[PDB]
4 protein chains.
Amino acid sequence: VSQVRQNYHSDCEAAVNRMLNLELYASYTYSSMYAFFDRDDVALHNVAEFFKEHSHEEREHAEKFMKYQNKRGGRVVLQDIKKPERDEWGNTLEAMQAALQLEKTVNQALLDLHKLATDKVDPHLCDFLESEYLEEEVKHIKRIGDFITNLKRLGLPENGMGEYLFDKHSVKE
Amino acid sequence: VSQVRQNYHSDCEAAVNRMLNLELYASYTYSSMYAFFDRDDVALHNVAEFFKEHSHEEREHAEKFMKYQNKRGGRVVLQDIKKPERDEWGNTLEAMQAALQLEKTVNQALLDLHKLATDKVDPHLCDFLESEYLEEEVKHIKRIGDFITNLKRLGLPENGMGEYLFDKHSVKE
Amino acid sequence: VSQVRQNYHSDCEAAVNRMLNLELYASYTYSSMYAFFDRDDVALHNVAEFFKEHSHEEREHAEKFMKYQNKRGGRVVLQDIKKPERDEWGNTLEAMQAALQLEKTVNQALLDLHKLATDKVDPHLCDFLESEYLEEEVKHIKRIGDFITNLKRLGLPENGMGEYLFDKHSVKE
Amino acid sequence: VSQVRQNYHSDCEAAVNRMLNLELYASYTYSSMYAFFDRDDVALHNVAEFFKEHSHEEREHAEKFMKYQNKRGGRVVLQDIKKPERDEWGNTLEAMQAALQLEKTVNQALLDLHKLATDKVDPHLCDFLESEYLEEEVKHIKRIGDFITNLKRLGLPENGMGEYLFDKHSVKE
Ligand SMILES: [Cl-]
Ligand SMILES: [Cl-]
Ligand SMILES: [Cl-]
Ligand SMILES: [Cl-]
Ligand SMILES: [Cl-]
Ligand SMILES: [Cl-]
Ligand SMILES: [Cl-]
Ligand SMILES: [Cl-]
Ligand SMILES: [Cl-]
Ligand SMILES: [Cl-]
Ligand SMILES: [Cl-]
Ligand SMILES: [Cl-]
Ligand SMILES: [Cl-]
Ligand SMILES: [Cl-]
Ligand SMILES: [Co+2]
Ligand SMILES: [Co+2]
Ligand SMILES: [Co+2]
Ligand SMILES: [Co+2]
Ligand SMILES: [Co+2]
Ligand SMILES: [Co+2]
Ligand SMILES: [Co+2]
Ligand SMILES: [Co+2]
Ligand SMILES: [Co+2]
Ligand SMILES: [Co+2]
Ligand SMILES: [Co+2]
Ligand SMILES: [Co+2]
Ligand SMILES: [Co+2]
Ligand SMILES: [Co+2]
Ligand SMILES: [Co+2]
Ligand SMILES: [Co+2]
Ligand SMILES: [Co+2]
Ligand SMILES: [Co+2]
Ligand SMILES: [Co+2]
Ligand SMILES: [Mg+2]
Ligand SMILES: [Mg+2]
Ligand SMILES: [Mg+2]
Ligand SMILES: [Mg+2]
Ligand SMILES: [Mg+2]
Ligand SMILES: [Mg+2]
Ligand SMILES: [Mg+2]
Ligand SMILES: [Mg+2]
Ligand SMILES: [Mg+2]
Ligand SMILES: [Mg+2]
Ligand SMILES: [Mg+2]
Ligand SMILES: [Mg+2]
Ligand SMILES: [Mg+2]
Ligand SMILES: [Mg+2]
Ligand SMILES: [Mg+2]
Ligand SMILES: [Mg+2]
Ligand SMILES: [Mg+2]
Ligand SMILES: [Mg+2]
Ligand SMILES: [Mg+2]
Ligand SMILES: [Mg+2]
């Protein structure tokens with residue numbers, strides 16, 4: 001084993017690699033959303049830029065797992081980054097609904113990793129998850145839920161004026 | 001009696017303690033409104049922050065009565081702060097209507113205290129009320145009434161787009 | 001359930017609401033202490049301002065629980081804020097002794113909530129408690145204990161000169 | 001009558017002149033206290049300077065009544081400024097006790113003038129009293145009472161060390 005490795009279970013190492021792939025998957029889905037909202041026949045630029053920012057964030061989340069793996073003496077093992085589930089995202093409401101589920105999927109995986117870390121008596125990995133990931137997920141989920149609420153209030157999906165207003169007044173940088 | 005006490009009727013002292021409790025009650029009701037508008041299924045953040053600010057104001061109003069009581073040689077006597085009348089506040093219109101009635105209840109109590117102070121020939125307490133409270137109440141009542149007018153114009157309670165517009169254009173910090 | 005809610009047990013949600021009430025209760029007790037030490041026949045202003053500051057802190061602690069509840073998709077439910085146990089607080093020693101017990105009551109409730117969160121496998125709530133509350137409690141308890149030690153050294157309750165010296169040299173802003 | 005005079009009763013004009021004399025009397029008493037505490041066999045300089053400051057304040061209070069009288073079209077009529085009741089003031093406690101009674105005498109006279117003004121339906125004179133005098137009296141009375149409390153706590157009159165400590169830690173500029 002690595003000279004640095006101490007109290008780091010094989011199962012946690014593998015789970016970190018799986019998590020990294022999921023972060024990368026989330027990044028790629030948000031890129032798809034960005035591109036959709038930048039289409040000339042969609043054209044909700046502030047929405048698009050929100051998704052772009054989230055794509056970037058998720059990619060940083062992935063980088064931080066790679067660094068974590070090496071710090072603990074584990075070995076980064078990459079897998080294919082699967083393409084997003086959809087090619088087209090309907091409208092701002094549908095996209096936000098998809099983003100909420102994505103975030104909850106990410107969160108569940110983080111929570112599962114934390115439970116594994118707990119089981120294996122790995123306080124360092126717990127702390128990393130709690131300090132760098134779990135609160136950010138709560139924040140994202142809350143923000144997106146709040147957006148959904150507003151989109152529904154604004155009459156989505158039918159009310160185009162409402163969709164326009166949201167893009168112009170909600171999606172603050 | 002206190003060495004400082006001069007021209008301060010027992011009835012005014014007691015009425016000051018009652019008023020203090022009412023200020024605290026008002027603060028707590030506005031906190032409830034804040035929390036309601038911060039819910040993920042409500043999500044009107046600027047509305048929420050308006051109520052939060054008013055909660056803070058009312059708590060300062062209470063502190064100022066405590067200081068006043070001691071300055072005059074009276075004794076602060078606290079009672080339970082009753083929970084707000086509702087757990088849920090419907091929508092921005094219903095909440096603003098409740099806030100208007102709350103402010104008018106506060107104002108009536110202030111006016112009643114002023115009449116007591118007058119009756120007891122206490123110019124100092126009159127002046128305090130006039131200089132620190134009565135004008136602020138008029139301002140609040142006016143602001144909230146103006147909001148109600150606008151909320152009705154915007155189609156509340158039914159018109160969700162109108163509610164959204166209000167949150168984004170009216171509730172200035 | 002709320003669209004945001006994920007891994008948040010009903011029991012934890014209720015316990016958060018109870019905790020919030022206790023923070024508010026602590027705030028109100030410290031306000032009472034402030035008012036007592038501001039009395040003309042007590043007149044220990046720096047002591048009074050220490051308690052005032054703690055009142056404000058506790059109220060901020062309460063606000064942070066309200067925000068936490070909403071972030072997790074729970075629902076804030078308020079109860080009456082009970083009046084403090086005493087109307088009068090004796091002297092600086094008695095008050096500090098009461099404040100120590102108050103802080104320990106708060107701490108015990110936080111520790112109990114953490115144990116519940118642990119039992120329910122809620123790392124997010126653990127982290128919140130550990131990062132925002134538990135260390136602050138240790139600090140407060142230590143500070144107040146240190147004050148008690150000094151008050152006893154200074155001859156409280158009998159030694160008025162000692163009480164005066166404490167107010168003028170210990171209770172630093 | 002003066003060309004400016006409007007709604008100004010002869011009784012109020014005379015009462016203003018009496019009040020002015022009382023302000024001047026208060027000033028002169030505080031000067032006496034200053035001189036006593038500056039004696040080489042008393043030597044409590046910070047105490048002395050507190051009284052000096054109050055002497056100056058009272059003299060400004062008198063000036064403001066003179067200006068008020070002329071503004072309303074009354075005529076300033078001066079009387080002798082009587083010497084203070086004592087030549088010697090004992091100690092810091094005795095002096096503060098005398099200052100408390102002096103302030104309460106001043107306050108009573110102000111309150112009496114306000115009642116006269118009320119009776120004569122003179123809102124301008126009411127307002128002047130409330131805005132320029134009555135709150136300052138409450139503040140002074142409170143401050144001095146607080147000092148008395150502390151002086152008693154410190155063991156006055158017998159405890160010279162306590163008197164010294166008060167001069168060095170209480171009588172802030
Ligand atoms: Cl290992
Ligand atoms: Cl598709
Ligand atoms: Cl985080
Ligand atoms: Cl706009
Ligand atoms: Cl009285
Ligand atoms: Cl309700
Ligand atoms: Cl006002
Ligand atoms: Cl849940
Ligand atoms: Cl009691
Ligand atoms: Cl902490
Ligand atoms: Cl010192
Ligand atoms: Cl006239
Ligand atoms: Cl004499
Ligand atoms: Cl004044
Ligand atoms: Co752009
Ligand atoms: Co992520
Ligand atoms: Co990067
Ligand atoms: Co983020
Ligand atoms: Co905000
Ligand atoms: Co108020
Ligand atoms: Co405050
Ligand atoms: Co008046
Ligand atoms: Co205001
Ligand atoms: Co202060
Ligand atoms: Co607290
Ligand atoms: Co606050
Ligand atoms: Co931690
Ligand atoms: Co603290
Ligand atoms: Co000097
Ligand atoms: Co004066
Ligand atoms: Co001058
Ligand atoms: Co006035
Ligand atoms: Co003054
Ligand atoms: Mg090797
Ligand atoms: Mg392995
Ligand atoms: Mg933009
Ligand atoms: Mg495929
Ligand atoms: Mg954190
Ligand atoms: Mg007494
Ligand atoms: Mg009474
Ligand atoms: Mg805002
Ligand atoms: Mg009840
Ligand atoms: Mg005014
Ligand atoms: Mg729902
Ligand atoms: Mg439940
Ligand atoms: Mg201080
Ligand atoms: Mg009770
Ligand atoms: Mg910490
Ligand atoms: Mg003429
Ligand atoms: Mg005349
Ligand atoms: Mg000095
Ligand atoms: Mg004579
Ligand atoms: Mg004033």
# chains A, B, ... in the order shown; residues from 1 in each chain; ligands from 1
$ interface_residues --of "chain B" --to "chain D" --cutoff "8 Å" --atoms "only C-alpha atoms" --output "PyMOL selection string"
chain B and resi 3-4+6+71-72+121+123-124+127
$ write_last_selection --atoms "C-alpha atoms" --output "tab-separated table (two decimals), in the first residue's frame"
chain	number	residue	atom	x	y	z
B	3	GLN	CA	-34.52	57.43	44.83
B	4	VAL	CA	-34.87	58.59	41.23
B	6	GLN	CA	-40.41	61.67	40.48
B	71	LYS	CA	-34.71	55.84	33.93
B	72	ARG	CA	-37.95	56.85	35.62
B	121	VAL	CA	-49.88	64.79	34.20
B	123	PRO	CA	-45.16	65.32	30.25
B	124	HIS	CA	-41.97	63.32	30.14
B	127	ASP	CA	-42.86	63.42	25.04
$ residues_near_ligand --ligand "ligand 6" --cutoff "9 Å" --atoms "only C-alpha atoms and all ligand atoms" --output "ChimeraX atom specification"
/B:85-90
$ residues_near_ligand --ligand "ligand 16" --cutoff "9 Å" --atoms "only C-alpha atoms and all ligand atoms" --output "compact mmCIF listing (two decimals) with C-alpha atoms, in the first residue's frame"
# COMPACT_ATOMS: atom_id res chain seq x y z
CA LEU A 20 -15.98 11.71 -8.38
CA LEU A 22 -21.03 11.41 -10.25
CA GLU A 23 -19.75 14.95 -9.71
CA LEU A 24 -18.42 14.88 -13.28
CA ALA A 26 -23.60 16.40 -12.71
CA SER A 27 -21.21 18.90 -14.34
CA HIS A 54 -23.25 25.08 -11.70
CA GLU A 57 -18.90 24.22 -9.62
CA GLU A 58 -19.49 20.49 -10.08
CA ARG A 59 -16.26 20.15 -12.02
CA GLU A 60 -14.44 21.81 -9.06
CA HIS A 61 -16.17 19.35 -6.75
CA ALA A 62 -14.71 16.53 -8.85
CA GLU A 103 -28.82 17.62 -6.70
CA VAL A 106 -25.67 13.84 -5.64
CA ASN A 107 -26.68 14.49 -2.04
CA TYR A 133 -20.00 19.06 0.41
CA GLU A 136 -23.38 23.16 -0.25
CA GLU A 137 -25.92 20.48 -1.32
$ residues_near_ligand --ligand "ligand 37" --cutoff "10 Å" --atoms "only C-alpha atoms and all ligand atoms" --output "ChimeraX atom specification"
/A:80-85
$ write_last_selection --atoms "N, CA and C atoms" --output "mmCIF file, in the first residue's frame"
data_model
loop_
_atom_site.group_PDB
_atom_site.id
_atom_site.type_symbol
_atom_site.label_atom_id
_atom_site.label_comp_id
_atom_site.auth_asym_id
_atom_site.auth_seq_id
_atom_site.Cartn_x
_atom_site.Cartn_y
_atom_site.Cartn_z
ATOM 1 N N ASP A 80 -15.944 6.351 -17.748
ATOM 2 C CA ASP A 80 -16.602 7.239 -18.724
ATOM 3 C C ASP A 80 -17.563 8.164 -17.972
ATOM 4 N N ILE A 81 -17.678 9.378 -18.482
ATOM 5 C CA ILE A 81 -18.665 10.354 -17.990
ATOM 6 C C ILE A 81 -19.844 10.173 -18.928
ATOM 7 N N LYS A 82 -20.935 9.634 -18.398
ATOM 8 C CA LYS A 82 -22.101 9.406 -19.215
ATOM 9 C C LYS A 82 -22.768 10.719 -19.618
ATOM 10 N N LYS A 83 -23.287 10.730 -20.859
ATOM 11 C CA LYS A 83 -24.027 11.886 -21.357
ATOM 12 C C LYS A 83 -25.293 12.090 -20.566
ATOM 13 N N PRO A 84 -25.804 13.301 -20.536
ATOM 14 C CA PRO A 84 -26.988 13.593 -19.764
ATOM 15 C C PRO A 84 -28.198 12.775 -20.273
ATOM 16 N N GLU A 85 -29.203 12.652 -19.421
ATOM 17 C CA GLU A 85 -30.384 11.848 -19.683
ATOM 18 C C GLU A 85 -31.247 12.362 -20.838
#
$ select_by_dssp --residues "segment 23-154 of chain A" --states "helix (DSSP H, G or I)" --output "ChimeraX atom specification"
/A:23-37,45-72,92-119,123-153
$ residues_near_ligand --ligand "ligand 8" --cutoff "9 Å" --atoms "only C-alpha atoms and all ligand atoms" --output "ChimeraX atom specification"
/C:1-2,4-10,72-73
$ write_last_selection --atoms "N, CA and C atoms" --output "PDB file, in the first residue's frame"
ATOM      1  N   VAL C   1     -44.623  15.866   1.503  1.00  0.00           N
ATOM      2  CA  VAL C   1     -43.491  16.545   2.214  1.00  0.00           C
ATOM      3  C   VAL C   1     -42.965  17.590   1.244  1.00  0.00           C
ATOM      4  N   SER C   2     -42.159  18.456   1.794  1.00  0.00           N
ATOM      5  CA  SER C   2     -41.484  19.555   1.030  1.00  0.00           C
ATOM      6  C   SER C   2     -40.636  18.937  -0.049  1.00  0.00           C
ATOM      7  N   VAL C   4     -37.840  19.969  -0.965  1.00  0.00           N
ATOM      8  CA  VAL C   4     -36.433  20.049  -0.610  1.00  0.00           C
ATOM      9  C   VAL C   4     -35.985  18.996   0.382  1.00  0.00           C
ATOM     10  N   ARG C   5     -36.932  18.439   1.084  1.00  0.00           N
ATOM     11  CA  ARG C   5     -36.648  17.604   2.270  1.00  0.00           C
ATOM     12  C   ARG C   5     -35.959  16.321   1.848  1.00  0.00           C
ATOM     13  N   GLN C   6     -34.879  16.035   2.546  1.00  0.00           N
ATOM     14  CA  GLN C   6     -34.067  14.840   2.225  1.00  0.00           C
ATOM     15  C   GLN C   6     -33.275  14.487   3.499  1.00  0.00           C
ATOM     16  N   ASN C   7     -33.478  13.259   3.957  1.00  0.00           N
ATOM     17  CA  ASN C   7     -32.819  12.737   5.131  1.00  0.00           C
ATOM     18  C   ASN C   7     -33.061  13.562   6.407  1.00  0.00           C
ATOM     19  N   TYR C   8     -34.262  14.088   6.537  1.00  0.00           N
ATOM     20  CA  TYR C   8     -34.611  14.946   7.674  1.00  0.00           C
ATOM     21  C   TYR C   8     -35.783  14.332   8.425  1.00  0.00           C
ATOM     22  N   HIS C   9     -35.484  13.739   9.575  1.00  0.00           N
ATOM     23  CA  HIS C   9     -36.489  13.019  10.369  1.00  0.00           C
ATOM     24  C   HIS C   9     -37.428  13.981  11.045  1.00  0.00           C
ATOM     25  N   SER C  10     -38.718  13.593  11.114  1.00  0.00           N
ATOM     26  CA  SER C  10     -39.709  14.350  11.837  1.00  0.00           C
ATOM     27  C   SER C  10     -39.285  14.679  13.262  1.00  0.00           C
ATOM     28  N   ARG C  72     -33.834  22.850   5.445  1.00  0.00           N
ATOM     29  CA  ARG C  72     -33.968  21.389   5.404  1.00  0.00           C
ATOM     30  C   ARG C  72     -35.381  20.981   4.936  1.00  0.00           C
ATOM     31  N   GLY C  73     -36.302  21.918   4.818  1.00  0.00           N
ATOM     32  CA  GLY C  73     -37.682  21.598   4.386  1.00  0.00           C
ATOM     33  C   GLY C  73     -38.599  21.289   5.546  1.00  0.00           C
TER      34      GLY C  73
END
$ residues_near_ligand --ligand "ligand 29" --cutoff "10 Å" --atoms "only C-alpha atoms and all ligand atoms" --output "PyMOL selection string"
chain D and resi 38+45-50+52+173
$ residues_around --residues "residue 13 of chain A" --least-positions-apart "3" --cutoff "10 Å" --atoms "only C-alpha atoms" --output "PyMOL selection string"
chain A and resi 8-10+16-19+68-70+72-77+117
$ residues_around --residues "segment 151-165 of chain C" --least-positions-apart "4" --cutoff "9 Å" --atoms "only C-alpha atoms" --output "list in words"
residues 44, 90, 91, 92, 93, 94, 146, 147, 169 and 170 of chain C; 150, 152, 153, 154, 155, 162, 165, 166 and 169 of chain D
$ write_last_selection --atoms "C-alpha atoms" --output "PDB file, in the first residue's frame"
ATOM      1  CA  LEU C  44     -23.604  47.972  37.422  1.00  0.00           C
ATOM      2  CA  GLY C  90     -29.699  39.530  43.547  1.00  0.00           C
ATOM      3  CA  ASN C  91     -26.229  40.561  42.661  1.00  0.00           C
ATOM      4  CA  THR C  92     -23.513  39.957  40.074  1.00  0.00           C
ATOM      5  CA  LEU C  93     -22.538  36.550  41.641  1.00  0.00           C
ATOM      6  CA  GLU C  94     -26.135  35.212  41.805  1.00  0.00           C
ATOM      7  CA  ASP C 146     -14.054  32.217  35.262  1.00  0.00           C
ATOM      8  CA  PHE C 147     -16.181  35.246  36.272  1.00  0.00           C
ATOM      9  CA  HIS C 169     -12.126  45.716  35.447  1.00  0.00           C
ATOM     10  CA  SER C 170     -13.718  42.433  34.200  1.00  0.00           C
TER      11      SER C 170
ATOM     12  CA  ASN D 150     -22.248  52.798  43.881  1.00  0.00           C
ATOM     13  CA  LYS D 152     -23.024  53.212  49.190  1.00  0.00           C
ATOM     14  CA  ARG D 153     -21.777  49.887  47.780  1.00  0.00           C
ATOM     15  CA  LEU D 154     -18.224  51.210  48.124  1.00  0.00           C
ATOM     16  CA  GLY D 155     -18.722  51.850  51.792  1.00  0.00           C
ATOM     17  CA  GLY D 162     -13.982  53.175  48.245  1.00  0.00           C
ATOM     18  CA  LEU D 165     -11.866  54.061  43.729  1.00  0.00           C
ATOM     19  CA  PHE D 166     -15.027  55.921  42.747  1.00  0.00           C
ATOM     20  CA  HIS D 169     -13.212  54.640  37.920  1.00  0.00           C
TER      21      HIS D 169
END
$ atom_distance --atom1 "atom CA of residue 66 of chain B" --atom2 "atom CA of residue 32 of chain C"
9.3 Å
$ atom_distance --atom1 "atom CA of residue 96 of chain C" --atom2 "atom CA of residue 53 of chain C"
14.1 Å
$ atom_distance --atom1 "atom CA of residue 122 of chain B" --atom2 "atom 1 (Co, counted along the ligand's line) of ligand 32"
13.0 Å
$ closest_residue --among "D:171, D:36, D:120, D:95" --to "ligand 12" --atoms "only C-alpha atoms and all ligand atoms"
D:120
$ decode --residues "segment 10-95 of chain B" --atoms "C-alpha atoms" --output "PDB file, in the first residue's frame"
ATOM      1  CA  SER B  10     -47.830  53.410  39.421  1.00  0.00           C
ATOM      2  CA  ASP B  11     -50.448  53.065  36.690  1.00  0.00           C
ATOM      3  CA  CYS B  12     -48.033  54.462  34.065  1.00  0.00           C
ATOM      4  CA  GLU B  13     -45.249  52.143  35.281  1.00  0.00           C
ATOM      5  CA  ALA B  14     -47.563  49.113  34.888  1.00  0.00           C
ATOM      6  CA  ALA B  15     -48.822  50.326  31.491  1.00  0.00           C
ATOM      7  CA  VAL B  16     -45.161  50.657  30.319  1.00  0.00           C
ATOM      8  CA  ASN B  17     -44.568  47.039  31.302  1.00  0.00           C
ATOM      9  CA  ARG B  18     -47.699  45.974  29.331  1.00  0.00           C
ATOM     10  CA  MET B  19     -46.578  47.996  26.346  1.00  0.00           C
ATOM     11  CA  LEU B  20     -43.116  46.416  26.432  1.00  0.00           C
ATOM     12  CA  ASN B  21     -44.765  42.982  26.269  1.00  0.00           C
ATOM     13  CA  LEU B  22     -46.810  44.086  23.261  1.00  0.00           C
ATOM     14  CA  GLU B  23     -43.712  45.323  21.435  1.00  0.00           C
ATOM     15  CA  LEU B  24     -42.124  41.924  22.087  1.00  0.00           C
ATOM     16  CA  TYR B  25     -45.296  40.203  20.845  1.00  0.00           C
ATOM     17  CA  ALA B  26     -45.203  42.290  17.631  1.00  0.00           C
ATOM     18  CA  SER B  27     -41.533  41.318  17.154  1.00  0.00           C
ATOM     19  CA  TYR B  28     -42.347  37.669  17.471  1.00  0.00           C
ATOM     20  CA  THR B  29     -45.271  37.835  14.996  1.00  0.00           C
ATOM     21  CA  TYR B  30     -43.006  39.516  12.401  1.00  0.00           C
ATOM     22  CA  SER B  31     -40.414  36.696  12.989  1.00  0.00           C
ATOM     23  CA  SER B  32     -43.131  34.192  12.171  1.00  0.00           C
ATOM     24  CA  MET B  33     -43.927  36.037   8.994  1.00  0.00           C
ATOM     25  CA  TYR B  34     -40.264  36.077   8.040  1.00  0.00           C
ATOM     26  CA  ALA B  35     -40.010  32.296   8.516  1.00  0.00           C
ATOM     27  CA  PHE B  36     -43.174  31.687   6.477  1.00  0.00           C
ATOM     28  CA  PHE B  37     -41.981  33.711   3.464  1.00  0.00           C
ATOM     29  CA  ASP B  38     -38.552  31.887   3.618  1.00  0.00           C
ATOM     30  CA  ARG B  39     -40.258  28.508   3.254  1.00  0.00           C
ATOM     31  CA  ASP B  40     -39.298  26.634   0.102  1.00  0.00           C
ATOM     32  CA  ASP B  41     -42.981  26.465  -0.877  1.00  0.00           C
ATOM     33  CA  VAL B  42     -43.478  30.199  -0.376  1.00  0.00           C
ATOM     34  CA  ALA B  43     -40.101  31.639  -1.372  1.00  0.00           C
ATOM     35  CA  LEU B  44     -40.627  35.413  -1.428  1.00  0.00           C
ATOM     36  CA  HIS B  45     -37.286  36.439  -0.033  1.00  0.00           C
ATOM     37  CA  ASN B  46     -37.607  40.218  -0.207  1.00  0.00           C
ATOM     38  CA  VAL B  47     -40.975  39.976   1.584  1.00  0.00           C
ATOM     39  CA  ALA B  48     -39.370  37.731   4.162  1.00  0.00           C
ATOM     40  CA  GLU B  49     -36.591  40.243   4.755  1.00  0.00           C
ATOM     41  CA  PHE B  50     -39.058  43.086   5.206  1.00  0.00           C
ATOM     42  CA  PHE B  51     -40.720  41.165   7.996  1.00  0.00           C
ATOM     43  CA  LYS B  52     -37.346  40.245   9.490  1.00  0.00           C
ATOM     44  CA  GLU B  53     -36.353  43.894   9.591  1.00  0.00           C
ATOM     45  CA  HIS B  54     -39.662  44.771  11.335  1.00  0.00           C
ATOM     46  CA  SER B  55     -39.068  41.985  13.866  1.00  0.00           C
ATOM     47  CA  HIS B  56     -35.755  43.572  14.737  1.00  0.00           C
ATOM     48  CA  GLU B  57     -37.264  47.046  14.944  1.00  0.00           C
ATOM     49  CA  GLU B  58     -39.972  45.916  17.367  1.00  0.00           C
ATOM     50  CA  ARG B  59     -37.394  44.231  19.561  1.00  0.00           C
ATOM     51  CA  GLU B  60     -35.488  47.584  19.697  1.00  0.00           C
ATOM     52  CA  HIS B  61     -38.746  49.286  20.618  1.00  0.00           C
ATOM     53  CA  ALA B  62     -39.041  46.877  23.548  1.00  0.00           C
ATOM     54  CA  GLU B  63     -35.443  47.577  24.669  1.00  0.00           C
ATOM     55  CA  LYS B  64     -36.156  51.282  24.676  1.00  0.00           C
ATOM     56  CA  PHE B  65     -39.111  50.766  27.024  1.00  0.00           C
ATOM     57  CA  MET B  66     -36.961  48.773  29.405  1.00  0.00           C
ATOM     58  CA  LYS B  67     -34.428  51.573  29.493  1.00  0.00           C
ATOM     59  CA  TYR B  68     -37.242  54.160  29.918  1.00  0.00           C
ATOM     60  CA  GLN B  69     -38.734  52.210  32.862  1.00  0.00           C
ATOM     61  CA  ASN B  70     -35.390  52.195  34.699  1.00  0.00           C
ATOM     62  CA  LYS B  71     -34.706  55.838  33.930  1.00  0.00           C
ATOM     63  CA  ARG B  72     -37.947  56.845  35.622  1.00  0.00           C
ATOM     64  CA  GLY B  73     -37.329  54.560  38.667  1.00  0.00           C
ATOM     65  CA  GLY B  74     -39.966  52.010  37.707  1.00  0.00           C
ATOM     66  CA  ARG B  75     -39.316  48.278  37.703  1.00  0.00           C
ATOM     67  CA  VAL B  76     -39.345  46.093  34.628  1.00  0.00           C
ATOM     68  CA  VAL B  77     -41.704  43.159  35.064  1.00  0.00           C
ATOM     69  CA  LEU B  78     -41.756  40.678  32.230  1.00  0.00           C
ATOM     70  CA  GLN B  79     -44.500  38.315  31.149  1.00  0.00           C
ATOM     71  CA  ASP B  80     -44.583  35.451  28.674  1.00  0.00           C
ATOM     72  CA  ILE B  81     -44.322  36.517  25.028  1.00  0.00           C
ATOM     73  CA  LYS B  82     -47.311  34.855  23.442  1.00  0.00           C
ATOM     74  CA  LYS B  83     -46.841  33.001  20.156  1.00  0.00           C
ATOM     75  CA  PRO B  84     -48.296  34.595  17.064  1.00  0.00           C
ATOM     76  CA  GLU B  85     -51.982  34.086  16.205  1.00  0.00           C
ATOM     77  CA  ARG B  86     -51.221  31.999  13.135  1.00  0.00           C
ATOM     78  CA  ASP B  87     -48.590  29.446  12.151  1.00  0.00           C
ATOM     79  CA  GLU B  88     -49.022  30.124   8.438  1.00  0.00           C
ATOM     80  CA  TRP B  89     -49.759  33.501   6.749  1.00  0.00           C
ATOM     81  CA  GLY B  90     -51.319  32.601   3.440  1.00  0.00           C
ATOM     82  CA  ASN B  91     -49.741  34.955   1.020  1.00  0.00           C
ATOM     83  CA  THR B  92     -48.192  38.417   0.814  1.00  0.00           C
ATOM     84  CA  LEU B  93     -51.653  40.158   0.876  1.00  0.00           C
ATOM     85  CA  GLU B  94     -52.955  38.211   3.920  1.00  0.00           C
ATOM     86  CA  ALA B  95     -49.637  38.823   5.737  1.00  0.00           C
TER      87      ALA B  95
END
